[PDB]
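The chain contents come next:
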Amino acid sequence: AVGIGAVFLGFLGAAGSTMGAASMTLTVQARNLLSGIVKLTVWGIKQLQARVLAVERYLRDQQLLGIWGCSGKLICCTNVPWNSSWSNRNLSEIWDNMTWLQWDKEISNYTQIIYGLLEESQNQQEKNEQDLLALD
Amino acid sequence: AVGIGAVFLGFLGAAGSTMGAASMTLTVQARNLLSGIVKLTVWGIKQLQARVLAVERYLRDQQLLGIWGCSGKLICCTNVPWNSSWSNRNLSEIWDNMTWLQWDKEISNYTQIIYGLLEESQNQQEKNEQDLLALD
Amino acid sequence: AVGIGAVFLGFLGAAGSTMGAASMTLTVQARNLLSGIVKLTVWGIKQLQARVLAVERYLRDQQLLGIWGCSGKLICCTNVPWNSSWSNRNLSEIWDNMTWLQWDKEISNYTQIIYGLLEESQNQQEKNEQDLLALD
Amino acid sequence: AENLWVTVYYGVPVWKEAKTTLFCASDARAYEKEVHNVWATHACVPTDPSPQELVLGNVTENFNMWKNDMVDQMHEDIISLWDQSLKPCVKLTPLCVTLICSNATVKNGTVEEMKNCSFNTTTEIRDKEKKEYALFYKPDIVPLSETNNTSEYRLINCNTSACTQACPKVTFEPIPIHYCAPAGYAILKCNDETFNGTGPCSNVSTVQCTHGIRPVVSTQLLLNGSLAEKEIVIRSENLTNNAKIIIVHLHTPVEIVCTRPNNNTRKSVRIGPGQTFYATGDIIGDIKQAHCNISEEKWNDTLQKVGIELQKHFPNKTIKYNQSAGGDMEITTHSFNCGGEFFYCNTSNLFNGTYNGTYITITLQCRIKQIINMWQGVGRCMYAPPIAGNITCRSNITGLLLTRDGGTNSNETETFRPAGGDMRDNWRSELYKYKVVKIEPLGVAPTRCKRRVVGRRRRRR
Amino acid sequence: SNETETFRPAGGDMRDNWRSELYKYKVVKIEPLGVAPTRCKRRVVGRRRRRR
């Protein structure tokens, strides 16, 4: 669905829709991951067990954007050429069919490998952070 | 007040100063909200009860800035036209008079509505994040 | 060592290497500060005591960068002229010898003073992010 | 082929399997009464009017109720809540005394259900004791061995473990409880009414919290449950495997209307400083014995409906029902709590007769206990104090627990009997629609975009 | 009697002992607020900007 006011249970129908339609309203998930709906007894300690991990998982995701150069951007291009071994070079035709829930099954093995290249991509920039240009 | 090193109890007197002048030294609050002052007994559990909520409140504020396109900026313009129904279009004559503590009561009902428009500003960017220009 | 992926125990030999060489592969430490390797008994409460402190430490480092204008950048040049009293103006010749572990001993007393200037540096922009210029 | 470059998309809707510690939320303002409840926390406070829902179109997800990670979560939650509420209450160590018991006489009659037992109990001062008596409304008190005297008895706790009173403040209630997953995790739900317990479900929806699941505890019959939508449903891991348990969901409920018609009077015994023991002191009315009634017309229809539904899986075999084979008193009789009293009903006719399924008032005598080796089956002993006056019950039976006799029976017949004893199979019949999946906002996916050339700004594409 | 009034000691609730000392204070959560309008203009194609 397209729209951003919405509800977290207003957009997740895109879990079956196309990746193109799912690419819009990409912010509502980013809102929901923060806090959501959350004498001493079981629920009291559970509010400390679950809450701290909800914060912990969010930091680990923003940790990777802050390094790859995609800080604060939902969509983000990166300087990595797509190797055809990971997938065929015609996804631009295909992602009008697949949903994101189906795309993940293809890159399941290669996702940890790809993160190295994105790290390398930033370090094509980081190798260029000492030499010449920024005398200004 | 002019000067930004200061202390959190060095600037907060701007709560009664002019709304325009209070915009200076805006970083001290951003510093103070993080940690501040903070066998098992009452104070020990309180250092987990209060500490975790102090973190989660900070994350909730920052991610709103990240989504709106104001990441890392204290002041930040946004592409939304000010509707005169929320307030009269003459605050430029008035923030020298009102303090920030007094401005809030103008937009108490409208604040949650306005956040939709700031998001809607981002879909003017999110719409323009799939089409043409990134071939550059 | 030069690289990125490596291990957190793959690059820390830079603790003895030169500051120039240590400035490369700088993302691996930034990744490690969050996750690491972490009935009720001693270890159970420790996973709340130590875990929350790791997050609490991480947010102070990021917020200081978020205010200085160095958000999301592992290297960041700022607008503060180097006062020769802090150190001699010839470290460019020297930092091929010193390691980062040895550099801190020089500026130990001056570090808290310098953070005021970095705030003041941003507050040139803060004074210059109000009023008139940005018709854009 | 085409030229493509990597692009990151944190924010994506994709999830993965996981297990999580789920927060509890109670319906309406019941959290304000929940402070004084057990089987309900102290308290499950909601923050929003839950549960809202969205249907996820074109989504198919794999479900399984028998490997469910939530049923193990609530069972270890409820029994842990059971211990905490019972922990500060008075212990019954000083009552293990050589009880002298005799017939319990009442107004112009005698009651066969109980014994009038007397014992020496300590006063406020520890070096003096007084005679005291109480009607322990059960003959379930072990006679004391190593003596020819038949009039010396003993409370059955002390042979194996001492017990704790259930304090009058707390109340045993099946308040509805919602499980709300924390941020980063989402609870799915299978709307497919024909779901048999495992396999794909092609009509999925996400919710904030589960529906109003109530923590009722009973055996051989599921009370106050949530009924099936279309028709009777039968769920088991593998019906050919005569072990496991066959959980049935009823299309509509048969009302079990029953009571404890005796008029009992509570009595306070002073066993220690600030410690009070409550026991049935006397009967102030005519005696009629506990019993339970079930509509013969409606229940007999249920076996006819259920019989053909089982026969779909067991073709051309006539379905026979029969009495329980054996076990403790907790599983050989329909056991439940109602109004603070623990019933154990004989099932006088909820077992009997052949039922082909091809179409070719039942009264249950019920016994009552005070000491309960609680339905967890192994653990804490508890003494339920008496409830003064009559008790009455009106509950909706919604599901049957069954088990099968194998395996060299006559090929045209098959015998089914009740079951029970494990708390999880009661709650696994209600907590079967759900899953818990962690949302993983995914990253890389190639696009027509191109590299970030010399750090120049770019928005479009 | 309309010209007289009788006063006697009191006590028994500990909160009124401490309410005599803990009366100057409040606890207020600091909330950075909603928006405030300015004479700014719509950002043009992701460009940076100094004053305004």
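Residues numbered from 1 in each chain as written, not as in the entry; some residues may be left out. Chains lettered and ligands numbered in written order. Part of a larger assembly, values for the part shown. Heavy atoms only, no water.

Listed as the method for this PDB entry is cryo-EM; the listed resolution is 3.9 Å.

**Details of the overall build of chain D**
Counting its secondary structure elements, chain D contains four helices and 34 strands. Across its three principal axes, chain D shows a C-alpha extent of roughly 100 × 65 × 40 Å. Residue burial in chain D is summarised as follows: out of 461 residues, 51% are buried. Counting only carbon and sulfur atoms, one obtains 45% of the accessible surface of chain D, whose full area is about 21,000 Å². Positive and negative charge centroids in chain D, built from 52 and 45 side chains respectively, lie 10 Å apart. (Helix = DSSP H or I, 4+ residues; strand = E, 2+ residues; numbered from the N terminus. Buried < 20%, exposed > 50% of the residue type's maximum accessible area, 1.4 Å probe, protein only. Areas by Shrake-Rupley, 256 points an atom, 1.4 Å probe, with all protein chains shown as cover. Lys, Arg positive; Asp, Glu negative; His and termini not counted. Charge placed at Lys NZ, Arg CZ, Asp CG, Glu CD.)

**Here's the deal with the overall build of chain E**
Within chain E, the regular secondary structure consists of one helix and zero strands. Here the C-alpha radius of gyration of chain E, 29 Å, is well above what a compact globule of 52 residues would show, namely 10 Å. For chain E, the spread of C-alpha atoms along the three principal axes comes to 80 × 30 × 15 Å. Within chain E, buried positions represent 8% of all 52 residues. Of the accessible surface of chain E, which amounts to about 5,500 Å², a share of 48% is contributed by carbon and sulfur atoms. Computed over 16 positive and 6 negative side-chain charges, the inter-centroid distance for chain E is 39 Å. (Rg over C-alpha atoms; globule rule 2.2 N^0.38 Å.)

**Here's the deal with the sheet that holds strand β31 (residues 381–383) of chain D**
Residue and element names in this part refer to chain D. Taken together, three strands build an open sheet; the order of strands is β12-β31-β30 and the sheet is mixed. Looking along the sheet, the strands with just one partner apiece sit at the ends: β12 (164–165) and β30 (371–373). Where β12 and β31 come together, two bridges link them in parallel fashion. The residue of β31 that forms the bridge with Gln165 is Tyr383. (Pairing = 2+ DSSP bridges.)

**Quick notes on the environment of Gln122 of chain A**
Residue and element names in this part refer to chain A. For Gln122, the location among the structural elements is in helix α7 (residues 111–127). Sequence spacing of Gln122 and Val80 is 42 residues, and the spatial spacing of their C-alpha atoms is 9.6 Å. What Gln122 contacts, discounting residues up to four positions off in sequence, is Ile67, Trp68 and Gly69. (Contact = heavy atoms within 4.5 Å.)

**Let's talk about the interface of chain A and chain D**
The interface is formed by 59 residues belonging to chain A together with 62 residues belonging to chain D. Together chain A and chain D conceal approximately 5,500 Å² of surface at their shared face, both sides included; 67% is due to carbon and sulfur atoms. Ranking the residues of chain A by area buried against chain D places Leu9, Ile37 and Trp100 of chain A at the top, with a combined share of 14%. Where chain A packs against chain D, one counts three salt bridges. Notably, a salt bridge pairs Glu440 of chain D with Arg57 of chain A, separated by 3.1 Å at the nearest N-O pair. At the junction of chain A and chain D, the tally comes to 17 residue pairs in polar contact. (Buried area = accessible area lost by both parts, 1.4 Å probe. Salt bridge = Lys/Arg side-chain N within 4 Å of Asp/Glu carboxyl O. Polar contact = N/O pair within 3.5 Å; in protein donor to acceptor, adjacent residues only side chain to side chain.)

**A look at the side chain of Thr20 of chain D**
Residue and element names in this part refer to chain D. Looking at where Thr20 falls in the secondary structure, it is placed in the loop between β2 (15–17) and β3 (23–26). On the basis of relative accessibility, which here comes to 12%, the residue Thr20 falls in the buried class. Among all residues touching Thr20, those that are not within four sequence positions of it are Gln73, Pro182, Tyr185 and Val436.

**Quick look at the interface of chain A and chain C**
Tallying the contact residues gives 17 residues for chain A and 19 residues for chain C. Here chain A and chain C share an interface that buries about 1,800 Å² over both sides, 63% of which is from carbon and sulfur atoms. Where chain A meets chain C, there are one salt bridge. Between the two partners, chain A and chain C, sit five residue pairs in polar contact. Those elements that place two or more of their residues in the side of chain A that touches chain C are α4 (42–68) and α7 of chain A. No other element matches the ten residues that α4 of chain A contributes to the side of chain A that touches chain C. Partitioning the side of chain A that touches chain C into residue classes produces six nonpolar, four polar and seven charged. (Nonpolar A, V, L, I, M, F, W, Y, C, P; charged D, E, K, R; others polar.)

**Brief notes about the relation of the copies chain A and chain C**
The operation linking the two copies of the chain is a rotation about an axis combined with a translation along the axis. When chain A is fitted onto chain C, the two copies agree to an RMSD of 0.5 Å after a turn of 121 degrees and an axial shift of 0.0 Å. The operation mapping one copy onto its partner corresponds to a three-fold rotation axis. In terms of proximity to the rotation axis, the leading residue of chain A is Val52 of chain A, whose C-alpha is 4.2 Å off the axis. (Least-squares fit on C-alpha atoms.)

**Comments concerning a nonpolar patch on the surface**
On the surface, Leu132, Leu133 and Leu135 of chain B cluster together into a nonpolar patch covering about 250 Å² of accessible area. Relative to the helices and strands, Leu135 of chain B is located in the segment after α5 (111–127). (Patch = residues over 30% accessible without salt bridge, like charges linked within 9 Å, V, L, I, M, F, W, Y side chains within 5 Å.)

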